[PDB]
Structures are given as structure tokens and as C-alpha cells.
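Okay, here we've got a single chain as C-alpha cells, the form deposited in one PDB entry, with questions on binding and movement later.
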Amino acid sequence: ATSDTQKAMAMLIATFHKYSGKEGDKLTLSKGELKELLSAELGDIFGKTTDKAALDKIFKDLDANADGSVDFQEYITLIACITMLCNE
């Protein structure tokens, strides 16, 4: 008995860990791997000519401690905003 919410979150955690495990801390997502993740997972928005600095800017707004990575919470905040074109 696994709910829709449990299934969806498990998928999000699984994708996040696949990319966070490629460099840096195993539990945070480097900027470079966020870029790769967005191209693979949200391809309808982050395509070939997506401005290289569209991510540079928004990645600064999200990386709270300025360590060059986002944790899962910061990551979900971004994905949720993109999907609803939230102000940020």
C-alpha cells in the first residue's frame, strides 16, 4: 500500500540521488549536475539553446549556504516553481 504521494516522492528522491552521487557530497546536487538533470528530466524547457546563465542566476537564489550545491529541499523548491512558473 503505497500512495500516489509516496510513489512520486520516491521517484523524485531516486532521480536526485542519481545525479547527486556523481560528484561532490553524495547528498547534495552540484550546479553542473543540476544542469544535466534539468536537461534530461525537464527537456521541454531546458533544451539546446537555454541560456547558460539562466541557471547561474537562479542557482544562486537557491543555494542557501553558498556551498555550490543544493540539498533536496532546495531542489524540490526549484522543480515545483518551474512546473508552475512561479515568480522566481
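Each residue number is its position in the shown sequence, starting from 1. Rigid core: the largest C-alpha set superposing within 1.5 Å between the two forms.
What follows is about the form deposited in another entry, which we do not show.
A displacement of less than 2 angstroms separates the C-alpha positions of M11 between the shown form and the other one, with the rigid core held in common. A54: CA moves 2 Å or more between the shown form and the other one after rigid-core fitting.
The rigid-core alignment places the CA of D63 2 Å or more apart between the shown form and the other one. In the other form, the separation between the C-alpha atoms of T49 and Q73 shrinks by 3 Å or more relative to the displayed form. In the other form, the Cα-Cα separation between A54 and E36 grows by 3 Å or more relative to the displayed conformation.
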